[PDB]
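Below: one structure, written as structure tokens.
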Amino acid sequence: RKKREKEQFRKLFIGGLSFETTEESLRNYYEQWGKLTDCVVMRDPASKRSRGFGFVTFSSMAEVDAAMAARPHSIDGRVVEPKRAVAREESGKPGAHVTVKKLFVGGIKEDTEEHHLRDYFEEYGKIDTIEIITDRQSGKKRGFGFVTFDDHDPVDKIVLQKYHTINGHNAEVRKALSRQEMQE
RNA sequence: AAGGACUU
């Protein structure tokens, strides 16, 4: 059980697969960034036709990071779409598979500043913007903000890490989804 | 296109 939990954080969803792509061609491509412990092309039960996506599982979260740092990836003559895998047990939550560049950061109360967030989050990727939300009339800080990156992957890594302490606060960090996006 | 045992 315990291993399985670990490897969930070492797994990439690979979508946009050529219908020619196999486990072997998938494994050949991703082995350039690490040692794979699993690799699967998901297929229709009846037809065995590729569902156009799969998973690869690496030996560490570092090897995942190295693979994602080397996008774009093309395999069997297609640029594919690699994404950190959402666990099956959370893949029915609203918004779970929605890919965004914006992060919601809550639980930061009144003392937390832009620079706190810039600081804490800059190590994860390139930040475009940072907004701390304040009341419209009173300008009282409402205790949350948003960080937008230039790429969705930082956001995926951040949220998957789950626990974050920011300016002495246990923050709630999630994707910042629109109402539309929340219907996915 | 979001997980293999659709493997009683």
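As a basis for the values below, the full set of heavy atoms in this structure was taken, side chains included, without hydrogen atoms, waters or symmetry mates. First the proteins, then the strands, lettered A, B, ... as listed; each starts at 1.
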- Message: Does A46(A) reach a base, just sugar-phosphate, or nothing at all? Heavy atoms under 4.0 Å.
- Response: nothing
- To the nearest angstrom, how far is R43(A) atom CZ from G4(B) atom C1'? 10 Å
- Query: Are more than 12 heavy atoms from other residues, nucleotides or ligands located less than 6.0 Å from atom CD of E31(A)?
  - Reply: yes
- Query: What's the CD-P distance between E89(A) and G3(B), to the nearest Å?
  - Reply: 12 Å
- Message: Expressed as a whole number of angstroms, how long is the span from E184(A):CD to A1(B):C1'?
- Response: 14 Å
- Item | Whole angstrom value for the distance that separates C1' of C6(B) from CZ of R51(A) | 12 Å
- Query: Considering only side-chain heavy atoms of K83(A), which listed nucleotide, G3(B), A1(B), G4(B), is closest?
  - Reply: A1(B)
- Message: Which nucleotide wins on minimum distance to the side chain of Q8(A), given the candidates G3(B), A1(B), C6(B)?
- Response: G3(B)
- Message: Is the shortest side-chain heavy-atom distance between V100(A) and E181(A) below 4.5 Å?
- Response: yes
- Does atom NZ of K175(A) have more than 12 heavy-atom neighbours from other groups under 6.0 Å away? yes
- Hey, does the side-chain of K48(A) have a donor or acceptor N/O within less than 3.5 Å of a partner on the base of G4(B)? no
- Task: Check the distance between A2(B)'s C1' and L160(A)'s CG and give it to me in whole angstrom.
- Result: 13 Å
- Task: Starting from P on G3(B), measure out to NZ on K93(A) and report it in whole angstrom.
- Result: 16 Å
- Item | Gap between atoms CZ and P, on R4(A) and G3(B) respectively (whole Å) | 14 Å
- Query: Can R71(A) and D151(A) be counted as an ion pair, charged N to O under 4.0 angstrom?
  - Reply: yes
- Is the ring centre of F53(A) under 5.5 Å from the base ring centre of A2(B), and are the two planes under 30° apart, so that they stack? no
- Message: What contact category does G54(A) fall into here, base, sugar-phosphate, or nothing, at under 4.0 angstrom with non-hydrogen atoms?
- Response: nothing
- Do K11(A) and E63(A) sit within salt-bridge range, that is, some charged N less than 4.0 Å from a carboxylate O? no
- Just checking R49(A): base, sugar-phosphate only, or nothing, at a heavy-atom cut-off of under 4.0 Å? nothing
- Message: Any N or O donor-acceptor pair under 3.5 Å from the base of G4(B) to the side chain of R88(A)?
- Response: yes
- Task: Would you mind reading off the distance between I14(A) atom CD1 and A1(B) atom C1', rounded to a whole angstrom?
- Result: 13 Å
